[PDB]
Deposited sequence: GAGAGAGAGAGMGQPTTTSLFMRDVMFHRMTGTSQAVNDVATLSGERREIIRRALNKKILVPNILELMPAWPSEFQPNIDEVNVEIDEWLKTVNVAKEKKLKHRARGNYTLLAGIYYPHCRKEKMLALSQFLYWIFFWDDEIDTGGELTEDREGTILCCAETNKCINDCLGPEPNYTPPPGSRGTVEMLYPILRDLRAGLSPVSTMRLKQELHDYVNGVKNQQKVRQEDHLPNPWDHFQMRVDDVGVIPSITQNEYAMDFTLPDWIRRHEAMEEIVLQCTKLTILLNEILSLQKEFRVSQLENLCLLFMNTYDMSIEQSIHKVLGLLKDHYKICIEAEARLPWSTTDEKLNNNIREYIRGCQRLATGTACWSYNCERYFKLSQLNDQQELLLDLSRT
């Protein structure tokens, strides 16, 4: 932790201009669900019922505005689907925030995993146990509404992915950068939002295509790309609260890279994984005859891409990570690791 102090020292008050990450994924457009505004109104009415601190809810609604993120993740869904999808993102940010006490983390993950089993398992019960904490209580109806619009095929995936997320977060309690990177792969809750594209677009991907090596690769690359652009876009926010386990800082620590080189290395990894992913599209088992099947493969991988581009584009349109003033007229971001 002299280790800590030296990272803090080597990056304090550094200012780093970041190129528009969207440009690094040039073939993948960002779009906006056209009913975001009417959904936020309903999301606003709904949040009044959520047993979370009004001031915590508003900070998330104002600076996070996760309905806008859902609208970028699922820009082509119908508005009726937007409600549950948005509700889901408020849950995962409230829950993730409520964690960031070993005893209390263990207890909360156990209750959350139980909620997931109770809602998405084979003997469903959508009634929260009495005394449930607010971030667990709210999840019960949200998983129920999502389950109502998924096939059991997609349901089963969302169940595992959520469990994986929860258990991942329970298991986070200076790491080698590659160690940090890989556990974020088998943790971060991007893959639940790939599966929720099935809910949004009212289709199911057959397991046999999902297990195909190109499809798995595409999911892994878009998960990796989401993590990588998030490592850069969140460096300011986490450095200021001395969350020093950020891939950039960890490249600084392990390899004695400058922060500039470190960010630059992350930007190259992005470019690498973006081309790996594009190449995987050629190896997908596209059908010669089945249009609907091929329309299902297309929407699925569009959800994968939109998760990387959407995470970036949303971050460029909300204040969760930096103040939007920090963007120049080229969507370039001046990080300011001042404190």
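Unmodelled regions of the deposited chain sequence (numbering from residue 1, in sequence order): 1-43, 144-150, 224-230, 397.
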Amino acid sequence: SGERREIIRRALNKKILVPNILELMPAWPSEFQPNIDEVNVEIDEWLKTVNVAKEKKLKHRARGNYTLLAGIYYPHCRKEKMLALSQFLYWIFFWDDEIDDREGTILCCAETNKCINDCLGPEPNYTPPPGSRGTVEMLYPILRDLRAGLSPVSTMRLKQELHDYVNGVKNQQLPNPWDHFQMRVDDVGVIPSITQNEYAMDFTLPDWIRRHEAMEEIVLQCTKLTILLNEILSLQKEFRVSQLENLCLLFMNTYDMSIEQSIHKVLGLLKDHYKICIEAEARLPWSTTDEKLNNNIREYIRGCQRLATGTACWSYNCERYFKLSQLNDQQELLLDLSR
From here on, numbers count along this sequence of modelled residues.
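Basically, rigid core = biggest C-alpha set you can superpose within 1.5 Å across the two forms.
Core superposition of the other structures onto this form places the C-alphas of 176-184 farther off in 4 other deposited structures of this protein than those of the other stretch among 176-184 and 85-93. For the pair 101-109 and 258-266, rigid core superposition yields a higher RMS C-alpha distance in 4 other deposited structures of this protein in 101-109. A summary of the deposited B-factors shows that, of 132-140 and 91-99, the stretch with the larger mean C-alpha value is 91-99.
Comparing the deposited coordinates for 46-54 and 281-289, the stretch with the larger average C-alpha B-factor is 281-289. The maximum CA B-factor among the listed residues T67, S30, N294, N35, taken from the PDB record, is found at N294. Taking only the listed residues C119, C222, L158, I106, the entry reports the highest CA temperature factor at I106. When the modelled residues of the chain are ordered by C-alpha B-factor, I194 sits in the lowest third. Ranked by C-alpha B-factor against the other modelled residues of its chain, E123 falls in the highest third. Annotation for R63: CA B-factor lies in the lowest third of the chain's modelled residues. For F203, the recorded CA B-factor ranks within the middle third of the chain. Only modelled residues enter the ranking. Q331: CA B factor in the highest third of modelled residues in this chain (values from the PDB entry).
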